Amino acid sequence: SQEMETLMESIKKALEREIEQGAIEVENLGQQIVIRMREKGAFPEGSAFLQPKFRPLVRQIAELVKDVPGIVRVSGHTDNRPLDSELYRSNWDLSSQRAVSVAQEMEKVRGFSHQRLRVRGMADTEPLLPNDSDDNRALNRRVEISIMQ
């Protein structure tokens, strides 16, 4: 945890601006560091296309954690509205592909180990808030990078 506890501050202070804007949130959850990445600015709505101006943030996260032992679990989330897409078969598909986009970007950082990654699509199974508002749904549509000891 010492090793992790330092990493968390290293992360918080390396991304202090993104955190200010509300683009990144960093939480401790047991022996686990969770980095939530707001949808807005990272992915177009209804798309797993990781936006150019966000890719360096993702690599920056990869660089920051490349030296700690532990699984890096990348999890895509959607809100509860049915997906009307020509591109994705379901919210499973969309949420999965978002995680894939992020994992793929992370493993481009030299020294970042491919073997530690795991990609998950959670669809709407883990809301942060009830999907009772537009702001709430957007919030639930985050992607999370979890650093697990």
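Counting begins at 1, following the sequence as shown.
Enquirer: Read off the CA B-factors in the entry, average them over 40 to 48 and over 93 to 101, and name the higher stretch.
Expert: Between 40 to 48 and 93 to 101, it is 40 to 48.
Enquirer: As stated in the PDB record, which stretch has the larger average Cα B-factor, 115 to 123 or 66 to 74?
Expert: If you average the C-alpha B-factors of 115 to 123 and of 66 to 74, the larger mean comes out for 66 to 74.
Enquirer: Place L29 in the lowest, middle or highest third of its chain's C-alpha B-factors, as listed in the PDB entry.
Expert: For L29, the deposited C-alpha B-factor lands in the highest third.
Enquirer: Against its chain's modelled residues, does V58's Cα B factor rank lowest, middle or highest third?
Expert: Middle third - that is where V58 ends up once the chain's C-alpha B-factors are sorted.
Enquirer: Taking only the Cα B-factors deposited for this chain, tell me whether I147 sits in the lowest, middle or highest third.
Expert: It falls in the middle third of the chain.
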